[PDB]
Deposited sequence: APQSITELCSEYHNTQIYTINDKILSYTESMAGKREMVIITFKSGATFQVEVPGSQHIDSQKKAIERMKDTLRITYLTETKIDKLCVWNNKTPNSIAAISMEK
């Protein structure tokens, strides 16, 4: 199994790593029908989503949990692995340090 976000990311098609190296500027969360999604934003101008939604179901909910608490604690994100065939780019993985 991969031992880093970059390794994991290189396994998938239509992905790229973003080096964020920053805390989340804004956190948006919606329960509107067909837009049950999370949107985060950075002062870089970068916008990301956790897409509207079976072990992936639990993982999707975990990701949204992680982004929320990461925003609330002002935790510095190292990288994001995102799918770049979506607008905004959809999050596949997150890494944080230190």
Seminar exercise, completed: Expected output for missing-CA ranges on the deposited sequence is 54-58
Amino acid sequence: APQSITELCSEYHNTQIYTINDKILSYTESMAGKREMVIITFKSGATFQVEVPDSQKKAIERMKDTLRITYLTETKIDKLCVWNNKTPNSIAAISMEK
From here on, numbers count along this sequence of modelled residues.
For this session: May I ask you to compare 19-27 and 82-90 by their mean CA B factor in the entry and name the higher one?
Result: 82-90
For this session: Tell me which of 33-41 and 54-62 has the higher mean C-alpha B-factor in the deposited entry.
Result: 54-62
